[PDB]
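Protein chains in written order, with the entry's author numbering: chain I, 1 to 52, 52A, 53 to 82, 82A to 82C, 83 to 100, 100A to 100E, 101 to 110; chain K, 1 to 52, 52A, 53 to 82, 82A to 82C, 83 to 100, 100A to 100E, 101 to 110; chain O, 1 to 97; chain B, 33 to 128, 192 to 300, 325 to 397, 412 to 460, 464 to 503; chain E, 512 to 546, 565 to 660; chain F, 512 to 545, 565 to 660; chain D, 612 to 659; chain J, 1 to 105.
One structure is given here, and the rest of the page talks about it.
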Amino acid sequence: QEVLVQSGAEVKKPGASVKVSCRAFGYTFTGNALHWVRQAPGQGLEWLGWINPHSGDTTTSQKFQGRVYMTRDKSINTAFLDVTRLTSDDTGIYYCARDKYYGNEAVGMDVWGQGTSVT
Amino acid sequence: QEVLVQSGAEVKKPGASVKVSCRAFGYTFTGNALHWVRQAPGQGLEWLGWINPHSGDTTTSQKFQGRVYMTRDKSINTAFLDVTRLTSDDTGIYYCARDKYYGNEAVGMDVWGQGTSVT
Amino acid sequence: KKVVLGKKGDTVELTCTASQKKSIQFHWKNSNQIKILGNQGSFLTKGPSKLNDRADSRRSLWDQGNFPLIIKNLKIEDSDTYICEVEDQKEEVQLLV
Amino acid sequence: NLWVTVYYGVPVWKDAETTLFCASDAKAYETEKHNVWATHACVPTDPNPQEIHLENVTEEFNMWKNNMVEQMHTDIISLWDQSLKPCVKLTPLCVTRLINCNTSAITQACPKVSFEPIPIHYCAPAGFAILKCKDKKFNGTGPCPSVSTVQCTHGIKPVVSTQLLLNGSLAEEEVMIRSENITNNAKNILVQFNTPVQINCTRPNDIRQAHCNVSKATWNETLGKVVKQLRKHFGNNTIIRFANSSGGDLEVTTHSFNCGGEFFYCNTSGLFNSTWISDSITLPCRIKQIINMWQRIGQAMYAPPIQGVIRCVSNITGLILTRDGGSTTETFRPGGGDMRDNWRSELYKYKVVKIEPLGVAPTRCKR
Amino acid sequence: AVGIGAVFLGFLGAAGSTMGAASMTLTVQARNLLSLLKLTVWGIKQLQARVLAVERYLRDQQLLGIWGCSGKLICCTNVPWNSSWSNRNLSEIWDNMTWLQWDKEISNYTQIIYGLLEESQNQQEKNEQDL
Amino acid sequence: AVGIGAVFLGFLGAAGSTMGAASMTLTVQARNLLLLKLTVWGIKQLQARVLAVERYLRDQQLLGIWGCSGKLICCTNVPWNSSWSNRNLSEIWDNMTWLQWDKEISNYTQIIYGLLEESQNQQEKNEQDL
Amino acid sequence: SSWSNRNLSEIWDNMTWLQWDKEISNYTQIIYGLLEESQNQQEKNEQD
Amino acid sequence: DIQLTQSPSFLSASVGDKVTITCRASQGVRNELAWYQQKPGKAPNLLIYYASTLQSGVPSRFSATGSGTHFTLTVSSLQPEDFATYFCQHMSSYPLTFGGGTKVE
Ligand SMILES: *[C@@H]1O[C@H](CO)[C@@H](O[C@@H]2O[C@H](CO)[C@@H](O[C@@H]3O[C@H](CO[C@H]4O[C@H](CO)[C@@H](O)[C@H](O)[C@@H]4O)[C@@H](O)[C@H](O[C@H]4O[C@H](CO)[C@@H](O)[C@H](O)[C@@H]4O)[C@@H]3O)[C@H](O)[C@H]2NC(C)=O)[C@H](O)[C@H]1NC(C)=O
Ligand SMILES: *[C@@H]1O[C@H](CO)[C@@H](O[C@@H]2O[C@H](CO)[C@@H](O[C@@H]3O[C@H](CO[C@H]4O[C@H](CO)[C@@H](O)[C@H](O)[C@@H]4O)[C@@H](O)[C@H](O[C@H]4O[C@H](CO)[C@@H](O)[C@H](O)[C@@H]4O)[C@@H]3O)[C@H](O)[C@H]2NC(C)=O)[C@H](O)[C@H]1NC(C)=O
Ligand SMILES: *[C@@H]1O[C@H](CO)[C@@H](O)[C@H](O)[C@H]1NC(C)=O
Ligand SMILES: *[C@@H]1O[C@H](CO)[C@@H](O)[C@H](O)[C@H]1NC(C)=O
């Protein structure tokens, strides 16, 4: 019942910006933090950043500082990820995830979106 | 002005139960503690029990526990007394008496009824 | 057990009282646990038993609390026990003809 | 050593039986005889509903001892007693084993009024809450492992029908069977479909001949899903039969409903005929005007039908079946008539709770 | 682990949580208790509902003011905790029960608690300060 | 003597009692202080309830001005000047009703209210700020 | 030391309340979050 | 950052065996570990949180032990639908990172 729905696939030129959305069904949106992970085809997952849907504070990895941006909207219960200045290494699958968030820290992500493939 | 109005005289067979009511006029019924007392003919006064008409707590002597039961009704301002397993020694006249109740203690019985005859 | 006596070719009335002043869903069963008649809301609904055309109930008494059953032009095969169910109460009526 | 502390704002509730305001979506200009009642009983609806999904907690949803059903029932009696004025109404009163009484003979003017159902919400007041169970495999009773506090309910259309549920709310995954006590031979069995069955039902341009068409293949697969779910409770090898009715009044032995202000009585002997082992059906509906009332007991006369075509298309979503237990195979016969069972299949997963945010707890304060 | 702060579970959202964590989110189950033919029908009922909600909140605040906690949400008193009321370990009561289970359990003995919190605080702290 | 507990005299039911016993039941007298027919009859009940709630709110705000918000009984810092009909504490708290007390103080009560408003909450404050 | 800190004499003897509200118009929500959250819950945690 | 190493990367096993996969970190991470699995063409799902606690939903044949820099994921009985790619994720400090991916066949 508790599911996450993402948007469709996109193909973009290098150096552009891409916007992907994640929507939450079946649970209250302002109660659990949201994580973003990417997999390149051929190797494992890699992590981007995570956001509180209540306060609006963000946390971004040191590798992609100033490269990705995370925003939110509570009337639609959606989270937006913006990736700027795309390269050839950014071809892969994006995933939004609901972290379990026990005791107000990170514990583990359990609900995943279907994925968004970009090239 | 402050009077106590009861039901009529009753005649019951031994082994049964008898019910007597006492209603208050001229004062707030939930203000003073209420005593019940019996009289066999030709004897002295000996006492049954007394009840708060606000809390509903009852108190009876060491030789009538499980024998009489006292209840109250604040809508009609009537106190009910029920006597179970009637014998020949319980034949007599009945009195309900308002206690004066100064300083949250027993002081004296000033307002009386006109007596319910049971046989 | 309340036992009633009836004569052949006549009408017999069975009484099953209730405990309050309302309209309560009743049912009637035989010894084989088959519905003869019942009510739903303010409608009467008979059962698949052999007494379908010869069973009736007093309509105006449903508001009262008396919940009767009527048998017309009866035969010898109606001599059986009857269970009146109302408010999880089962009243047993025996009938001899 | 440890002392008592107070708490204002704790999340606890108890079970209550309070009243509710309706808050339907009215228009205040239309004389359909539902907006007139809704603008004398209901406030408008809030367009932003509040839904809070709760954490790891369970509650016992009873459905056959609900409180919203008997508060629905009085409102629908008030609506029907206000809107459809009978031409002649007969009721037996006789306040007092044999008590003799006559019948009242109340007469009134009976003009023709249009009639159409509208969705009616039921919205709890301040200081109360409504819990809703979202388990798709709900038995009807017992505990539910996923609750949610809703501000108020979905769109409930107060349909009035017997032997078929019309314009109702669908199920989630599969067709569902609800009963107060299975293997009891007296309690009504409510069947909820997973897909609607469309039915056209009309009197075209004597006057009391209305036909009523339903598709055969969709009804066949719906009854196949139904008998597949009834075989789960009955040993997976028994034969299941369907019969027409068994006697009774005219409003319970047939599909008795209303359309355009006309009392349609459609025969259903052409539907429940198949026996199950391990293109369009037309129905001869009569528009009747000497009926038995469902609000109380008594009879009611209405007007002769109005000239012109009377057409209505609806979605059959539910059934009211009843087992005929005896002495082997089992035969199910339809029924209903107790109108609470029409609204006990749409308020089947809701509970009214009283908030009480005042708790006490011991810990190690001083003073 | 890493953290970012608090979240908003909503109205009546922490019923399944433990009493060690539901007592921190007390402010959002307390704020939500206060929150011409069309005029004479849709106006009277809504005003009646608003007046009833205001009166209920004022009655609750009056009861707290009688109890000795004038405006505090969590407030703690002078009545000792009798052990006949069912006690457990402190970790078990503050970490292993919901508020629903505690309110279902203590509900036999609630009125004695209320009378004691009235009398043994505000008729015992007072009448000694008036000496 | 033997006893059973307190009694419930009612609203304004202790006006004939002494001041030392009527001050223990301030809870009772503080608890009770808080289509054609839909147009006429309902709006008068609604106006009465709104007026009662607003009167209680104004009076509780007036108690909250003096630093005495919420509490039924509280203490202040003005001294009891001996010109305000001085008596022993025993005869005040044991031999007087509250009606006789407000008969005997009514010439000075506005001065008491002004001294309570000007001092305390404007003297404990503006001194704690410096 | 931020939020436009001055000496208390200039705050309490020279400026009106309107200019003082216009000066901390941007920074009011941080002060409200410091009052409502993580202070009163912290203080009443320390009381327990 | 903190590097995560999984041993072995590739393994072949039959149905009904016992397998152990070791996750290793460069520094102490206490117990803040998460074990996931993933099928190709599908999103991953959580199996173990807090390095010892079973998620509600996964069968009880799985287990996870370990502390410090040494952790083990143990499958007691290998089922044919459990043949997936196994990840271990630490969450001691930023940045978050995953494992190398342990594919079984
Ligand atoms: C109008 O109505 C009011 C109340 O409705 C009545 O007030 C009550 O008056 C009675 C007496 O008339 C009070 O009862 C008792 O007062 C006694 C006075 O003490 C003297 O007399 C006794 C006689 O035995 C001597 O032993 C004693 O040494 C004194 O000489 C005391 O016996 C009691 O007071 C004791 O207990 C109280 C606590 O309850 C202590 O504070 C005292 O110090 C003392 O130890 C007893 O109280 C009764 O208390 C009054 N009611 C209230 C609420 O106070 C009026 O009498 C009535 N009529 C008129 C005309 O006003
Ligand atoms: C849904 O319903 C479930 C019921 O199962 C609830 O789940 C539990 O919620 C609690 C919330 O506190 C979880 O506790 C948290 O996780 C850890 C539990 O301790 C484990 O890890 C430590 C690490 O050293 C081990 O020593 C220990 O043996 C356990 O293996 C801890 O990280 C936390 O507990 C600590 O909290 C504070 C920290 O200072 C102190 O009180 C103690 O030191 C305490 O040890 C943390 O509290 C628990 O893990 C959940 N799962 C269970 C029991 O399986 C959910 O809360 C509920 N959902 C919602 C939304 O409420
Ligand atoms: C504790 O409670 C019991 C029953 O509620 C009572 O009998 C007993 O006197 C109480 N003891 C104390 C010290 O409060
Ligand atoms: C006490 O009251 C008298 C009234 O005659 C007044 O003159 C005097 O100043 C008062 N004492 C004070 C206010 O200290």
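We put the CB at the ideal spot given by N, CA and C, even for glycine.
Query raised in the report: Under 7 Å from any heavy atom of ligand 2, does the C-beta of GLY99/I make it?
Result: It does: the Cβ of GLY99/I is within 7 Å (strictly closer) of some heavy atom of ligand 2.
Query - Neighbour-count burial assignment, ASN32/I, 16 or more Cβ in a 10 Å radius - result: Burial call: buried.
Query raised in the report: Within 7 Å: the Cβ of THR529/F and any heavy atom of ligand 1?
Result: Between ligand 1 and the CB of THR529/F, the shortest heavy atom gap is smaller than 7 Å.
Requested in this report: Report yes if the C-beta of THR455/B is less than 7 Å from at least one heavy atom of ligand 2; otherwise report no.
Outcome: Not so, every heavy atom of ligand 2 lies at least 7 Å from the Cβ.
Query raised in the report: For the putative contact between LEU259/B and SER481/B, defined by C-beta atoms under 8 Å, what is the C-beta separation to the nearest angstrom?
Result: About 12 Å separates the two Cβ atoms, so there is no contact after all.
Query raised in the report: What separation, rounded to the nearest whole angstrom, lies between the Cα atoms of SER92/J and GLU647/F?
Result: Using only the alpha carbons, I get a separation of about 59 Å.
Query raised in the report: Whose CA, out of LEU416/B, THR499/B, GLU275/B and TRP427/B, lies closest to the CA of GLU370/B?
Result: It is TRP427/B whose Cα lies nearest to the Cα of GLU370/B.
Report task. Would you mind reading off the limits of the alpha helix (DSSP H) that contains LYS59/B? Result -> It is not in any alpha helix (DSSP H) - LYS59/B carries neither H nor E in the DSSP assignment.
Query raised in the report: Taking the alpha helix (DSSP H) that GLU634/D falls in, what are its first and last residues?
Result: Its alpha helix (DSSP H) spans residues 628-634.
Query raised in the report: Cα separation between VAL513/E and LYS227/B?
Result: Taking the straight line from one Cα to the other gives about 35 Å.
Report task. Report all residues from its chain with a CB closer than 6 Å to the CB of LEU537/F; omit the five preceding and five following residues, and keep chain order. Result -> Within the same chain, and ignoring the five residues on either side of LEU537/F in sequence, the residues whose Cβ sits closer than 6 Å to its Cβ are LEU602.
Query raised in the report: Which one of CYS501/B, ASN197/B, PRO240/B and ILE420/B has the shortest CA to CA distance from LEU86/B?
Result: Of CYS501/B, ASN197/B, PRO240/B and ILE420/B, the residue nearest in Cα terms is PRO240/B.
Report task. For the beta strand (DSSP E) holding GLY49/I, just list the boundary residues, first then last. Result -> Counting along the chain, the beta strand (DSSP E) containing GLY49/I begins and ends at 45-51.
**Report entry** Test: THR248/B CB closer than 8 Å to a CB of chain E
**Finding:** It does not: the Cβ of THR248/B has no partner Cβ on chain E nearer than 8 Å.
Report task. Report yes if the CB atom of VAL489/B is closer than 8 Å to the CB atom of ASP230/B, and no otherwise. Result -> No; because the gap between Cβ atoms is not below 8 Å, this pair is not in contact.
Requested in this report: Report the neighbours of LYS633/D on chain E: residues whose CB is nearer than 9 Å to its CB, in chain order.
Outcome: Chain E residues near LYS633/D: none, gap ~29 Å exceeds 9 Å.
Requested in this report: Leaving aside the five residues before and after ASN67/B along the sequence, list all residues of the same chain whose C-beta is less than 8 Å from its C-beta, in chain order.
Outcome: The answer, listed in chain order, is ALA58, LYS59, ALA60, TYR61 and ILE213.
Query raised in the report: Using DSSP with H/G/I as helix, E/B as strand and the rest coil, what is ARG82B/I?
Result: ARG82B/I falls in the coil class under three-state DSSP.
Requested in this report: Report yes if the C-beta of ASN611/E is less than 7 Å from at least one heavy atom of ligand 3; otherwise report no.
Outcome: Indeed, a heavy atom of ligand 3 lies less than 7 Å from the Cβ.
Query raised in the report: Are the region 72-92 of chain B and the region 518-528 of chain E in contact at 8 Å, needing three or more beta carbon pairs?
Result: Contact between the region 72-92 of chain B and the region 518-528 of chain E is established, with three or more Cβ pairs separated by less than 8 Å.
Query raised in the report: Among all the DSSP beta bridges, which residues are the ones paired with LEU11/J?
Result: Note: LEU11/J sits in a beta bridge opposite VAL104/J.
Query raised in the report: Do the region 23-36 of chain J and the region 3-12 of chain J make contact, defined as three or more Cβ pairs closer than 8 Å?
Result: For the pair of segments examined, the region 23-36 of chain J was found to touch the region 3-12 of chain J: the number of CB pairs separated by less than 8 Å reaches three.
Report task. Any chance you could list the beta strand (DSSP E) runs of at least 3 consecutive residues sitting entirely within the region 24-56 of chain J, in chain order? Result -> List check, beta strand (DSSP E) in window: 33-38 and 45-49.
Report task. May I have the straight-line CA-CA distance separating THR51/B from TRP628/D, to the nearest angstrom? Result -> Cα to Cα, the separation comes out at about 49 Å.
Query - Extent of the continuous beta strand (DSSP E) to which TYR91/I belongs - result: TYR91/I -> beta strand (DSSP E) spans 88-95.
Query - Distance CB(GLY55/K)-CB(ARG71/K) smaller than 8 Å - result: Contact: yes.
Query raised in the report: Between which two residues does the alpha helix (DSSP H) carrying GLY521/E extend?
Result: Note, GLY521/E: premise wrong, no alpha helix (DSSP H); not H, not E.
Query - For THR202/B, three-class secondary structure by DSSP - result: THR202/B: strand per DSSP, three-state reduction.
Query - Three-way DSSP call (helix, strand, coil) for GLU657/D in this model - result: In the three-state reduction of the DSSP assignment, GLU657/D falls in the helix class.
Requested in this report: Please list the partners that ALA512/E has in chain J, where partner means a Cβ-to-Cβ separation under 8 Å.
Outcome: Within 8 Å Cβ-Cβ: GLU32, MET91 and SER92.
Query raised in the report: Using a C-beta cutoff of 8 Å, does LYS655/E count as contacting chain B?
Result: No, because no Cβ of chain B sits closer than 8 Å to the Cβ of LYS655/E.
Requested in this report: Count the C-beta pairs between the region 444-458 of chain B and the region 276-291 of chain B that are closer than 8 Å, then say yes if the count reaches three, no if not.
Outcome: The region 444-458 of chain B is in contact with the region 276-291 of chain B.
Query raised in the report: For ligand 2, is there a heavy atom less than 7 Å away from the beta-carbon of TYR50/J?
Result: Correct: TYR50/J has its Cβ closer than 7 Å to ligand 2.
Report task. State the Cα-Cα distance for the pair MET626/D and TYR643/D, rounded to the nearest angstrom. Result -> Rounded to the nearest angstrom, the two C-alpha atoms are 22 Å apart.
Query - Nearest neighbour of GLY6/O, chosen from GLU91/O, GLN89/O, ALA18/O and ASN73/O [CA to CA] - result: Its Cα nearest to that of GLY6/O, the residue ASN73/O stands out among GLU91/O, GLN89/O, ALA18/O and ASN73/O.
Report task. Taking a Cβ distance cut-off of 8 Å, strictly less, list which residues of the region 66-80 of chain B are near chain E, in chain order. Result -> Look at the region 66-80 of chain B: the residues with a C-beta under 8 Å from a C-beta of chain E are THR71, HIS72, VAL75 and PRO76.
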